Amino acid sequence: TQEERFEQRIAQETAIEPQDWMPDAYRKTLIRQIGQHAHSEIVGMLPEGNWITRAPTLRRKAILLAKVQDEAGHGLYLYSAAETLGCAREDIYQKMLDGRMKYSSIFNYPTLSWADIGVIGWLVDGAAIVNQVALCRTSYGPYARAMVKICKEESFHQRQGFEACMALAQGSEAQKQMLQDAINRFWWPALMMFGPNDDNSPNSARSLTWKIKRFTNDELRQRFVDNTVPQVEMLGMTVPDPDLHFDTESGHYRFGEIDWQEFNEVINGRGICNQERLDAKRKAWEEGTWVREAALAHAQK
């Protein structure tokens, strides 16, 4: 009845809480998912940070600083939620540095223009929101509640990102080209944020059963594509996909095949920025040592 009552709570949809009983594999898979979610928020600071000092207007710059401040904040919220399941913040953070845990594939791509920042703000935050909204009804309560607080905050910046893109869409010929190019370098990497196929998803069986995950990786990806394409046509831009078109009979946008061979390299640490990301965090950690140690020895007097 231990396992049996749990099964019902899930099934009736009563939110699981920190000091409830839960299967050992359910706890471990949630530390894994929530940890990596926080890792994403932290790593995600780097591509965006890269353009702070270079942002084109004081306004756009102020918004970008706001955004990065809110990302650190969301990381901390997610580590709190993580720690309610028995793990240590510092323990899993060290796993991220070592590469023993992942973070979102998306931040292994570089910001090579200002348009990049807008497109991350619009598509990449858009893709993360589509996924986070669907996580608002996740079985675990601290997770699902964090997901609500976050979607509330993050979608303000998403609209900011979109407005930045709108400015380029409507600006000089040179501004339009800049955006088109950012879209081109980010569209496919955005789709991969949702994870592999339904045929190649080892976690998907359990996650759906325990209502940790509410929709399949392909389902959410399809939702994203359906929301986003009209947003692209609105800006008078295109998506780098010859096979993309609307399919009357199914009422979805049918879209092209993902380069899974790239996806596999990126998650296995051989993407573009992958190393320059871990290096950056590893460096911030090691050079920061004397500072944390000083803070400790001071709190002792």
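Just count from 1 along the sequence shown to find any residue number.
**Student:** Select between 35 to 43 and 59 to 67 the stretch whose C-alpha atoms have the higher average B-factor in the entry.
**Tutor:** Taking the mean B-factor of the alpha carbons in each, 35 to 43 is higher.
**Student:** Averaging the C-alpha B factors as listed in the entry, name the stretch that ends up higher: 80 to 88 or 118 to 126.
**Tutor:** In the deposited entry, the stretch with the higher C-alpha B-factor mean is 80 to 88.
**Student:** Out of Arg223, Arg137, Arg185, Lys176, which residue has the highest Cα temperature factor in the PDB record?
**Tutor:** Most elevated C-alpha B-factor of the set, per the entry: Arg137.
**Student:** Among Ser104, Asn203, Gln180, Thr228, where is the Cα B factor highest in this entry?
**Tutor:** Of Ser104, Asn203, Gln180, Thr228, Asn203 has the highest C-alpha B-factor.
**Student:** Would you check the entry's CA temperature factor for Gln261 and let me know if it's in the chain's lowest, middle or highest third?
**Tutor:** CA B-factor rank for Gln261: middle third.
**Student:** Going by the entry, which third of its chain does the Cα temperature factor of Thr248 land in?
**Tutor:** Within its chain, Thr248 is a highest-third residue by C-alpha B-factor, going by the deposited values.
**Student:** If you rank every modelled residue in this chain by C-alpha B factor, which third holds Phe162: lowest, middle or highest?
**Tutor:** Answer is middle: the recorded C-alpha B-factor places it there.
**Student:** Select lowest, middle or highest to describe the third in which the CA B-factor of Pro189 falls within its chain in this entry.
**Tutor:** Answer is lowest: the recorded C-alpha B-factor places it there.
**Student:** Can you tell me whether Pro110 has a C-alpha B-factor in the lowest, middle or highest third compared with the other modelled residues of the same chain?
**Tutor:** Answer is lowest: the recorded C-alpha B-factor places it there.
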